[PDB]
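Structure 1 and structure 2 below are two forms of the same protein chain, each written out on its own as structure tokens.
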Structure 1
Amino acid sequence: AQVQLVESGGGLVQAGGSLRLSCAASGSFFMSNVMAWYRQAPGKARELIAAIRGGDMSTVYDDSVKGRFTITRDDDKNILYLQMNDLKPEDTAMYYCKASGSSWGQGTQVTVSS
């Protein structure tokens, strides 16, 4: 859908650890009302966990990740980031990026061991 998102990052980390996800866009997307990261656990619905609101640049985080995850965006490189800190086994899921009008990032796996 117009702007394409190439997702990278993820892997396997111990609880308490950190991982960063990246989402490189094919063009500018700072004009999107919503620039977000979504989480989908195995038998669960996909759900938004972090977003930048296109315009005032304010952020929103779901209670489950607030204070541990941080969403940022670099308009020089046209990259949206998700810095995950203090990871927990419950954060194990496929992660997707999406912006208003853009296509979805391909899902990445994040696995958090005991």
Structure 2
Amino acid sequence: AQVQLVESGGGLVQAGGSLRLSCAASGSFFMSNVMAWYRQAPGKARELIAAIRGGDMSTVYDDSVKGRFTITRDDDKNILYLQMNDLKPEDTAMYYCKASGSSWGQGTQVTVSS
């Protein structure tokens, strides 16, 4: 699936901390109209936590991340972002981005201690 993705920005943080994830798209000057972030914790299905559509810039979030995370897209750089504020231990997971028809990236680990 031609567009390639690659996440960065994860790491180890203390509860209440912040991270900003980036997802770089390659293989095109453009990114699909819809893009999303998935959270995948061990032993659980991948969970669709935030998505955005180009044009009107409408976004949607899972209730577990409302008021803390923000999805944005920069079509001038081909990067999708996830600003993660007020991190909690339960946010510990691998985070993956996705575009329509793209391949999957390797993801980025977010580990929140307390």
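Take the two forms, find the largest set of C-alpha atoms that superpose within 1.5 Å, and that set is the rigid core. One-based numbering along structure 1's sequence throughout.
The only C-alpha among 33, 72, 85, 78 that moves by 2 Å or more between structures 1 and 2, given a superposition on the rigid core, is that of 33.
With the core superposed, residue 46 shows a C-alpha displacement below 2 Å between structures 1 and 2. Superposition of the core reveals a Cα shift of 2 Å or more for residue 56 between structures 1 and 2. Taking the core as the reference frame, the CA atom of residue 20 shifts 0.8 angstrom between structures 1 and 2.
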